[PDB]
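In order, the protein sequence lines correspond to chains d and a. Note that the first sequence covers residues 2 to 161 in the deposited numbering. Note that the second sequence covers residues 115 to 171 in the deposited numbering. Every residue, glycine too, gets a C-beta built ideally from N, C-alpha and C. Reading through the structure tokens given below for one structure.
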Amino acid sequence: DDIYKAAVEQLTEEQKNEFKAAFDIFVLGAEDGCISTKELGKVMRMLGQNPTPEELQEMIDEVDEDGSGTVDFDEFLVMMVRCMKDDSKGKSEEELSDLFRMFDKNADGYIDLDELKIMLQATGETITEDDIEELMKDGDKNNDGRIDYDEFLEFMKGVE
Amino acid sequence: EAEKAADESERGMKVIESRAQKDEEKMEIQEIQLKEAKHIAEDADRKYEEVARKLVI
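Encoded structure:
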């Protein structure tokens with residue numbers, strides 16, 4: 002699926018290398034190599050965070066969808082990418098404001114829907130309905146008809 | 115006198131030994147019940163907290 006490679010792309014190499022070499026703190030010998038789900042909470046204490054029963058149980062629910070009682074390495078990477086939200090070691094904002102200038106091609110102060118449609122089709126994918134619809138739900142909150150720099154920053158947080 | 119005292123002490127031996135063993139049995143029963151109660155308490159805490167978060171939303 003595309004979530005596995007998106008998690009690959011949204012996380013830096015040093016972080017994931019340390020994550021895996023440090024997950025290898027539970028394995029000791031003559032083991033399957035994949036530790037029980039609950040032990041995952043313990044590696045998190047090593048990470049420096051102090052999560053809570055609600056998030057812990059939810060996050061537990063975020064692994065092992067098919068119901069094997071065990072976690073693989075790709076689910077491991079997607080959950081880790083889904084845990085700390087400080088992606089890209091802090092997404093920038095200045096060049097991003099330049100990119101805000103980029104979304105607008107009529108120099109008005111905001112992003113028109115037509116400008117978004119041309120921007121999206123310039124990638125190579127055409128327009129489908131769920132695309133723009135979901136992109137609007139992600140970007141906007143009150144039907145203001147445009148994407149300003151706050152909603153701009155919010156929508157793509159962590160994305161490189 | 116010595117013989118009767120020794121016999122009394124034998125009766126005491128068995129009585130108190132049994133008491134102690136019974137206490138140990140009770141200890142195990144109380145231990146498993148306490149573990150179950152702690153599990154249930156953690157369950158209830160989690161449930162209440164999740165409901166509270168949903169409520170806040």
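Three-way DSSP call (helix, strand, coil) for d/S93 in this model: In the first sequence, residue 93 of chain d corresponds to position 92, counting from 1. Coil, per DSSP.
Classify d/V28: buried if its beta carbon has 16 or more other beta carbons within 10 angstroms, exposed otherwise. Here residue 28 of chain d refers to the residue found at position 27 of the first sequence. Exposed.
Does the Cβ of d/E96 lie closer than 7 Å to at least one heavy atom of the ligand ZN? The ligand ZN is not part of this structure, which contains no ligands at all.
Could you have a look at d/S69 and say whether DSSP puts it in helix, strand or coil? Here residue 69 of chain d corresponds to residue number 68 of the first sequence, with the count starting at 1. Three-state DSSP puts d/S69 in coil, outside helix and strand.
Measuring only between beta-carbons, confirm whether d/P54 sits less than 8 Å from chain a. Along the first sequence, one-based indexing puts residue 54 of chain d at 53. Taking 8 Å as the threshold, the shortest C-beta distance from d/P54 to chain a falls below it.
Are the C-beta of a/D159 and some C-beta of chain d separated by less than 8 Å? Numbered from its first residue, the second sequence carries residue 159 of chain a at position 45. So yes, a/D159 belongs to the interface.
Might you give, ordered along the chain, the residues of its own chain that have their beta carbon closer than 8 Å to the beta carbon of d/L57, omitting 5 neighbours on each side? Indexing the first sequence from 1 puts residue 57 of chain d at position 56. The answer, listed in chain order, is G42.
Proximity test, Cβ basis, 8 Å: a/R133 and chain d: Along the second sequence, one-based indexing puts residue 133 of chain a at 19. No - not a single Cβ of chain d is within 8 Å of the one on a/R133.
Quick one: does a/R167 have its CB under 8 Å from some CB of chain d? Your numbering for residue 167 of chain a matches position 53 in the second sequence. For a/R167, the answer is yes, since a Cβ of chain d falls inside 8 Å of its Cβ.
Between which two residues does the alpha helix (DSSP H) carrying d/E155 extend? Position 154 of the first sequence holds residue 155 of chain d. Its alpha helix (DSSP H) spans residues 150-156.
Is d/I119 helix, strand or coil when you go by DSSP? Locating residue 119 of chain d in the first sequence gives position 118, counting from the first residue. Residue state, collapsed to three classes: helix.
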